[PDB]
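Nothing in this text is a laboratory measurement; each read-out follows from the coordinates by a stated rule. Neighbour counts are summed over all protein chains in view; Cβ atoms, including those assigned to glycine, are modelled from backbone coordinates with ideal geometry.
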Amino acid sequence: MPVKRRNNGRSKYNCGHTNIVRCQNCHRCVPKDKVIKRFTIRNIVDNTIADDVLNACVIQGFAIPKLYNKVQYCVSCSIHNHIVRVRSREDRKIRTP
Amino acid sequence: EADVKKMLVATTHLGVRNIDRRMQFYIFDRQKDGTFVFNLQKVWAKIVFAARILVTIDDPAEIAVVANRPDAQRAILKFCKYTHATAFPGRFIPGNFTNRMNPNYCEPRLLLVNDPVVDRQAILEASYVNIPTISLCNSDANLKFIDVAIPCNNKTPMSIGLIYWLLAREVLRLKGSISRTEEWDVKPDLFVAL
Amino acid sequence: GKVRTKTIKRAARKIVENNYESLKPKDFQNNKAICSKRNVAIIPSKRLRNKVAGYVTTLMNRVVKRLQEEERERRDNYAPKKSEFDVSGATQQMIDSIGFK
Amino acid sequence: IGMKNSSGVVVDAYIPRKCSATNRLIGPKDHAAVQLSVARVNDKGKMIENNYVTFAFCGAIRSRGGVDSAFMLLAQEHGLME
Amino acid sequence: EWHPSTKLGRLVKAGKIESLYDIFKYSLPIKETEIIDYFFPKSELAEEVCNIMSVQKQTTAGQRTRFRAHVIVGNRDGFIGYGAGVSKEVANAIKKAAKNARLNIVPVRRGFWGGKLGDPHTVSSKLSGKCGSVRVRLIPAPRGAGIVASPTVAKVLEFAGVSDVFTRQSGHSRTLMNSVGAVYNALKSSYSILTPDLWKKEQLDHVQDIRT
RNA sequence: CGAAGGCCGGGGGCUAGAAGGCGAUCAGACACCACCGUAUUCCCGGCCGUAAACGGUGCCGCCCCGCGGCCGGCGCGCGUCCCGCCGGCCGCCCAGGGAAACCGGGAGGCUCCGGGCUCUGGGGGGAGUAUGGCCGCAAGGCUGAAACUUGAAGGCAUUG
RNA sequence: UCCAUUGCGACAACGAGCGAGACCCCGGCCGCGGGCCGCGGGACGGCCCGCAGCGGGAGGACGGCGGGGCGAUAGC
Ligand SMILES: [K+]
Ligand SMILES: [K+]
Ligand SMILES: [K+]
Ligand SMILES: [K+]
Ligand SMILES: [K+]
Ligand SMILES: [K+]
Ligand SMILES: [K+]
Ligand SMILES: [K+]
Ligand SMILES: [K+]
Ligand SMILES: [K+]
Ligand SMILES: [K+]
Ligand SMILES: [K+]
Ligand SMILES: [K+]
Ligand SMILES: [K+]
Ligand SMILES: [K+]
Ligand SMILES: [K+]
Ligand SMILES: [K+]
Ligand SMILES: [K+]
Ligand SMILES: [K+]
Ligand SMILES: [K+]
Ligand SMILES: [K+]
Ligand SMILES: [K+]
Ligand SMILES: [K+]
Ligand SMILES: [K+]
Ligand SMILES: [K+]
Ligand SMILES: [K+]
Ligand SMILES: [K+]
Ligand SMILES: [K+]
Ligand SMILES: [K+]
Ligand SMILES: [K+]
Ligand SMILES: [K+]
Ligand SMILES: [K+]
Ligand SMILES: [K+]
Ligand SMILES: [K+]
Ligand SMILES: [K+]
Ligand SMILES: [K+]
Ligand SMILES: [K+]
Ligand SMILES: [K+]
Ligand SMILES: [K+]
Ligand SMILES: [K+]
Ligand SMILES: [K+]
Ligand SMILES: [K+]
Ligand SMILES: [K+]
Ligand SMILES: [K+]
Ligand SMILES: [K+]
Ligand SMILES: [K+]
Ligand SMILES: [K+]
Ligand SMILES: [K+]
Ligand SMILES: [K+]
Ligand SMILES: [K+]
Ligand SMILES: [K+]
Ligand SMILES: [K+]
Ligand SMILES: [K+]
Ligand SMILES: [K+]
Ligand SMILES: [K+]
Ligand SMILES: [K+]
Ligand SMILES: [K+]
Ligand SMILES: [Mg+2]
Ligand SMILES: [Mg+2]
Ligand SMILES: [Mg+2]
Ligand SMILES: [Mg+2]
Ligand SMILES: [Mg+2]
Ligand SMILES: [Mg+2]
Ligand SMILES: [Mg+2]
Ligand SMILES: [Mg+2]
Ligand SMILES: [Mg+2]
Ligand SMILES: [Mg+2]
Ligand SMILES: [Mg+2]
Ligand SMILES: [Mg+2]
Ligand SMILES: [Mg+2]
């Protein structure tokens, strides 16, 4: 077991301790700077009915509301559900989204 | 003064918003939007110095001219056409200076490159077989394994063509081939890429 | 599902480059053309010859859409009658700090 | 000169070249070393045959890019530039 | 006979180059072993096989075995060389090692401990070398002292022309290839150390340069 | 002074939840999964003194190729910007170093070895054990052997 | 991308070789010769549309020919 990453697998810079979050899939405790974080904006009605709601609406000029959700998962759940992948040694250095 | 006017039309005097410490001596001012400007007098003195380095070699076919950039390709086949240097136009194949079994292998005495980040393989390979090098260098250039820089704009076609045209003219002047203090029969347009 | 091996292709390229004038883009004439020993071609079998000719015929109708090296050279040497070089805030400061201006 | 015998004879096989910039000895198998020469016109803008100046640079000065300024400074001391 | 593949080897074939020290003075690589063999005709070089090692690559069906051979050459009078070679058969590995040993010849500088009477008889001054974990110290010694070194180091010091030397070795010197590499590197640095004997400035005259 | 768990005496008590109970699964399941739940989790006054208490990297001082990001203070310039300076937190990296991974604001300036100070180690087990001492309400903590046994244990890296 | 380390194209690698394929045997359709056997022609991703090659049509005896033979380096 040598060192695998320069950040030790987290984003902790000039502090001793950080907050705890609960994984939204399995509910384990994870430090906040380690948890995998994604933000999503979606429509409350699925796009496959997004025009039939609209055509059956009495209010003139209505606009379909949206949902704003920040999903946070642990390492195990992120790998299992394919939010992140295991990468090659060269590829691990890439930070591009 | 006429060549100064040509340098102004080609804009051979504008950098790329970043400056290296070793090119700091060639800078004159900074444009507000961040672009740097070269002192053209220093550019001409480097051109003359490079010319006075090129003519020490008796046979010019042992000078290598390497330029991978498309916008310079035409310009390097004409520099040879009037000086008789040896051009390596496209992708430089590893081994050309170190591997004797290659078909285009050679053993030159001067390497002349166009850009130091493009054409990096030629510069790195020349350091294994004792070749000095001269490079056209912009404001962000890294001068590792380079002996003579030439401050200039090395992206726009007019700049590149006019630069090789000036170099070939001063070499043909120094050797005595073409007359001194008289405009060369060759128009610089023959160097610029259409 | 019929991929030509390098052996077909490498012979087909020398055949098309050497015999550009003889090869129409239609196949029977090229089948004859991959037969002569004067356009010297030692094809040791007729199936092999047919495959090579099938790739040669295809190479023919790709150059339409040497005659394209004479003109490329004869257009790299043309100097027009113009010269292509016939506002500043910081370079002005540099021409004053050099010469006449 | 080199190392001497007790009587006064140099018992050295060969003398390495010295760097024109950093005075360091070149040494064999230092294949990044370069020697190169400059024209020294002196004659109405035209060169004179077989009358040059010649400097040498070890690989250490090249590996960091110090030569573009040091060569210029060396030239400004020999009346080849300004 | 042999036809040169390089301009230097083409130049040596005629009467252009007089000795090895001109090729070392302007430090150029040597790519043909008959360039070396032209300057040392027929057995002024001693060639001795230091080591043969069996190396194994693991494979789906079983182990693949090859051999690695380490060879040193010298002339007892100021030249040493060290090469290595890998092959399926031992004979070819040794052949490759001997060729590589001939292309790696370097000159060695000698001097005087104390009295400067005759020929230089020991290292010119303290030398140090590193290879792998091995480190070596060659210390100048008086006359009659001999070559005080391990039997691996003593052969390299014998081929090099060094009569009197003290030696210290640190690291895992049982690894024979790194031992010989460290001693070789120490001998190779001998002509790159500034001593007051060499301070005097000189003019370079391009007429003598072999023009790379 | 010192996370969490733990202890003594008071208070409080939503949630979650060692222990315990119960439904499944399974050859078995005293576990993983479901459900219910005591101490605990929170406040006050004390005790205990340990964590992968980690950057697995002691403290003070000097020199050190460069390219960037962010935070605090200040100064010059044009017409918010822009260039610097000091202090902090980060990324990449030439040389140099190293068994290498890697470090590079040091893990550099070191077999070419010496700026100052404090602590710790000397093959693997036995063993952090026995014994004695000090501290603690307890749980512990700190200090800490020998007989005897053994030819390797271990690091980083390559191919399958 | 292909049945395929079959190929395009890119590259601190450049250039070769083996295995693959090509090759051999058989059988479909047509000619010259002999008296059915024995010598050749024939098919090639060749034509036409749609996007190295994947699709859809057509003619033709046969449509991407079909069934076999051979069979790398290293080994148990
Ligand atoms: K480990
Ligand atoms: K570790
Ligand atoms: K972590
Ligand atoms: K922080
Ligand atoms: K924080
Ligand atoms: K994240
Ligand atoms: K996890
Ligand atoms: K190099
Ligand atoms: K405490
Ligand atoms: K605690
Ligand atoms: K408690
Ligand atoms: K409660
Ligand atoms: K409570
Ligand atoms: K508990
Ligand atoms: K339970
Ligand atoms: K259990
Ligand atoms: K279990
Ligand atoms: K419950
Ligand atoms: K408790
Ligand atoms: K409680
Ligand atoms: K808690
Ligand atoms: K509580
Ligand atoms: K506590
Ligand atoms: K520990
Ligand atoms: K840690
Ligand atoms: K300390
Ligand atoms: K800030
Ligand atoms: K700031
Ligand atoms: K701050
Ligand atoms: K600030
Ligand atoms: K600030
Ligand atoms: K600041
Ligand atoms: K600072
Ligand atoms: K600072
Ligand atoms: K700073
Ligand atoms: K810092
Ligand atoms: K201490
Ligand atoms: K300690
Ligand atoms: K300790
Ligand atoms: K300890
Ligand atoms: K006891
Ligand atoms: K007690
Ligand atoms: K008690
Ligand atoms: K108690
Ligand atoms: K007790
Ligand atoms: K007790
Ligand atoms: K105790
Ligand atoms: K181990
Ligand atoms: K260990
Ligand atoms: K271990
Ligand atoms: K360990
Ligand atoms: K290693
Ligand atoms: K190892
Ligand atoms: K490749
Ligand atoms: K017959
Ligand atoms: K017959
Ligand atoms: K055909
Ligand atoms: Mg306390
Ligand atoms: Mg509850
Ligand atoms: Mg409950
Ligand atoms: Mg502890
Ligand atoms: Mg700790
Ligand atoms: Mg610790
Ligand atoms: Mg920051
Ligand atoms: Mg930070
Ligand atoms: Mg940092
Ligand atoms: Mg100690
Ligand atoms: Mg006790
Ligand atoms: Mg006790
Ligand atoms: Mg290893």
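Annotation note: Cβ proximity below 6 Å between a residue of the stretch C:45-64 that is of a type in the set (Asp, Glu) and a residue that is within 16 Å of ligand 2 (Cβ to nearest atom) (sequence gap 6+ or interchain) occurs for no pair. Counting residues in the stretch B:183-194 that are among the charged types (D, E, K, R) and over 28 Å from C:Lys81 (Cβ atoms) gives zero. Residues in the stretch A:17-51 that are in a loop (DSSP other than H, G, I, E, B) and more than 27 Å from A:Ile94 (Cα to Cα) were compared, and the one that is farthest from ligand 6 (Cβ to nearest atom) is A:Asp51.
The single residue among E:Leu127, E:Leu103 that is in contact with a helix residue (DSSP H, G or I) (Cβ under 7 Å, 6 or more places away or on another chain), surrounded by fewer than 22 Cβ atoms within 10 Å (Cβ to Cβ) and within 14 Å of chain D (Cβ to nearest Cβ) turns out to be E:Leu103. Scanning the stretch E:130-163 for residues being under 27 Å from D:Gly8 (Cα atoms) and out of contact with any helix residue (DSSP H, G or I) (no Cβ under 7 Å at 6 or more places or on another chain) gives a total of 11. Every residue in the stretch D:1-20 that is more than 7 Å from chain E (Cβ to nearest Cβ), hydroxyl-bearing (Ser, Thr, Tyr) and exposed (fewer than 15 other Cβ atoms within 10 Å of the Cβ), please. Answer for the stretch D:1-20, where residues must be more than 7 Å from chain E (Cβ to nearest Cβ), hydroxyl-bearing (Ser, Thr, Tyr) and exposed (fewer than 15 other Cβ atoms within 10 Å of the Cβ): just D:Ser7.
Selection within the stretch D:25-82: residues that are over 23 Å from E:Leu198 (Cα atoms) and acidic (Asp, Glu). The member of this set that is surrounded by the most Cβ atoms within 10 Å (Cβ to Cβ) is D:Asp68. Can you name every residue in the stretch E:14-29 that is out of contact with any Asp or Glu (no Cβ under 9 Å at 6 or more places or on another chain) and either facing chain D (nearest Cβ under 10 Å) or part of a helix (DSSP H, G or I) (or both)? Residues satisfying the conditions are E:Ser19, E:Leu20, E:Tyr21, E:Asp22, E:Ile23, E:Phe24, E:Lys25, E:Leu28, E:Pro29.
On the given criteria, is E:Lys188 surrounded by 17 or more Cβ atoms within 10 Å (Cβ to Cβ), within 30 Å of B:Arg109 (Cα to Cα), out of contact with any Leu (no Cβ under 8 Å at 6 or more places or on another chain) and within 10 Å of another protein chain (Cβ to nearest Cβ)? So E:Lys188 passes the test. Exactly one residue out of B:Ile150, B:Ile53, B:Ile146 is under 24 Å from B:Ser177 (Cβ atoms) and not in a strand (DSSP E or B): that is B:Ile53. Can you confirm whether C:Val87 is within 26 Å of C:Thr5 (Cα to Cα) and among the β-branched types (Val, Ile, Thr)? It is false that C:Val87 is within 26 Å of C:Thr5 (Cα to Cα) and among the β-branched types (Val, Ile, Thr). In the stretch A:64-79, what residues are hydrophobic (A, V, I, L, M, F, W, C) and assigned to a helix (DSSP H, G or I)? Within the stretch A:64-79, A:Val75, A:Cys77, A:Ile79 qualify.
Whenever a residue of the stretch A:15-35 is basic (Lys, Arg), its partners that are more than 13 Å from ligand 6 (Cβ to nearest atom) and assigned to a loop (DSSP other than H, G, I, E, B), lying with C-beta atoms within less than 8 angstrom and at least six residues away or across chains, give the pairs A:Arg22/A:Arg28; A:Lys32/A:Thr18; A:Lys32/A:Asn19.
Which of the residues belonging to the stretch A:1-55 are of a type in the set (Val, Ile, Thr) and either under 23 Å from A:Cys77 (Cα atoms) or within 16 Å of ligand 2 (Cβ to nearest atom) (or both)?
A:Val3, A:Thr18, A:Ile20, A:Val21, A:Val30, A:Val35, A:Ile36, A:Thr40, A:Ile41
The stretch C:46-101 holds helices (runs of 4 or more DSSP H) entirely within its bounds, and those carrying 3 or more residues that are within 14 Å of another protein chain (Cβ to nearest Cβ) map to C:92-96. If I filter the stretch B:168-189 down to residues being out of contact with any helix residue (DSSP H, G or I) (no Cβ under 6 Å at 6 or more places or on another chain) and away from chain D (no Cβ under 14 Å), which single residue comes out as surrounded by the fewest Cβ atoms within 10 Å (Cβ to Cβ)? Result: B:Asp185. Here the condition is being within 14 Å of chain C (Cβ to nearest Cβ), within 14 Å of B:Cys137 (Cβ to Cβ), of a type in the set (A, V, I, L, M) and surrounded by 15 or more Cβ atoms within 10 Å (Cβ to Cβ); of B:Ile47, B:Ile76, B:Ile27, it holds for B:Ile27 alone.
Among all residue pairs at least 6 apart or on different chains, which show Cβ distances below 8 Å where the first residue, located in the stretch B:123-146, is under 19 Å from E:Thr6 (Cβ atoms) and within 9 Å of chain D (Cβ to nearest Cβ) and the second is charged (D, E, K, R) and assigned to a loop (DSSP other than H, G, I, E, B)? That search, which allows pairs on different chains as well, returns B:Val129/B:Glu107; B:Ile131/B:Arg109. Would you confirm whether any residue within the stretch A:44-63 is within 16 Å of ligand 3 (Cβ to nearest atom), surrounded by 12 or more Cβ atoms within 10 Å (Cβ to Cβ), more than 17 Å from the chain's Cα centre (by Cα) and under 30 Å from A:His80 (Cα atoms)? Within the stretch A:44-63, none of the residues are within 16 Å of ligand 3 (Cβ to nearest atom), surrounded by 12 or more Cβ atoms within 10 Å (Cβ to Cβ), more than 17 Å from the chain's Cα centre (by Cα) and under 30 Å from A:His80 (Cα atoms).
Take the conditions (1) in contact with a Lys or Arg (Cβ under 8 Å, 6 or more places away or on another chain); (2) at the interface with chain D (Cβ under 8 Å from one of its Cβ atoms); E:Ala182 misses just one of them, which is (2).
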